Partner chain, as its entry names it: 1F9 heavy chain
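Let's start with one chain on its own, the form solved without its partner chain, as structure tokens.
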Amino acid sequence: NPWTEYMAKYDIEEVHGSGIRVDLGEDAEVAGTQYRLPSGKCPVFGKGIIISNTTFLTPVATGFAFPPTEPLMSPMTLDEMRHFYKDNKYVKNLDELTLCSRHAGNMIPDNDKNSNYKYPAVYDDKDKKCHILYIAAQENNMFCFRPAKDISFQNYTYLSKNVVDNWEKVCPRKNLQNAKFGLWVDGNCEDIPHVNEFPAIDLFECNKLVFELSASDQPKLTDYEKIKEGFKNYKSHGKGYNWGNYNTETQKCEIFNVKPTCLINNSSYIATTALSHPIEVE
């Protein structure tokens, strides 16, 4: 199999290791109570939260984002983050996504200096702004809300505390043109044995469907049930329907849950994952 190195970044259980649609793959104590929190090692391109008319990057009421602080920690532009971490050799030069994750991970949770709980974040590529999320819950469907890849979220990236500094080398980002995921059998790349096929008028819509079916750490309202949804104020470990083959000609999205190990080079196909950018192709 000549595809082993190339295909490593699509091994989502290995490289990401947590939920995608809903990421709550770790638990951490804050002030004597254990909460769920995101722990995926890859950025999730295009993911946001749909709530109503307010947008989720609006600061929480005193939206999902950190409230106005003095000095301001969120939102913080890429330029401001690098300046802020000037004396930190090991942090100042990170790529913008990893830096955003580390910045969010330096916020103290509810005045507990002993806690391993670290807030997730969203990076906006358009404004180069890092938003720390005060609310780590991702679905409740009190706010009713759900994770999604909305067209308005196309430049957003959802970042857990664990996003690795080499994500560009080991995580999916762009979708693959002239490519259909397959399995390596008898020295040939053969079709995924079992796929579920749905209509999708373009790649974006297919990526959305794959995202809806992807690894999730909350299946789909007491205090218990609130903590179960990731509120603070069942672990997939990345197993799920994380991959799709999109036929651009027939407008069919073929979704499956077995890790692919090679590509079939078919000019009608684009290969996508739930982690992948919903539009970008290479």
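Positions refer to the first chain, counted from 1.
From this point on, the text means the form deposited with its partner chain bound, which you will not see here.
Interface residue remark: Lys180 is not counted as part of the site for its partner chain in the bound PDB entry, having no heavy atom within 4.5 Å. Interface membership of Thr58, defined by any non-hydrogen atom within 4.5 Å of its partner chain in the bound PDB entry, is ruled out. Proximity of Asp87 to its partner chain in the bound PDB entry: non-hydrogen atoms within 4.5 Å are present.
Contact check for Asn106: a non-hydrogen atom falls within 4.5 Å of its partner chain in the bound PDB entry.
Of the candidates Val91, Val164, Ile192, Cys189, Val91 is the one whose heavy atoms come within 4.5 Å of its partner chain in the bound PDB entry; the others do not. Residues of 55-86 that come within 4.5 Å of its partner chain in the bound PDB entry, judged by any heavy atom, are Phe66, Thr69, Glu70, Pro71, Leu72, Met73, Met76, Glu80, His83, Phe84, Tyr85 in sequence order.
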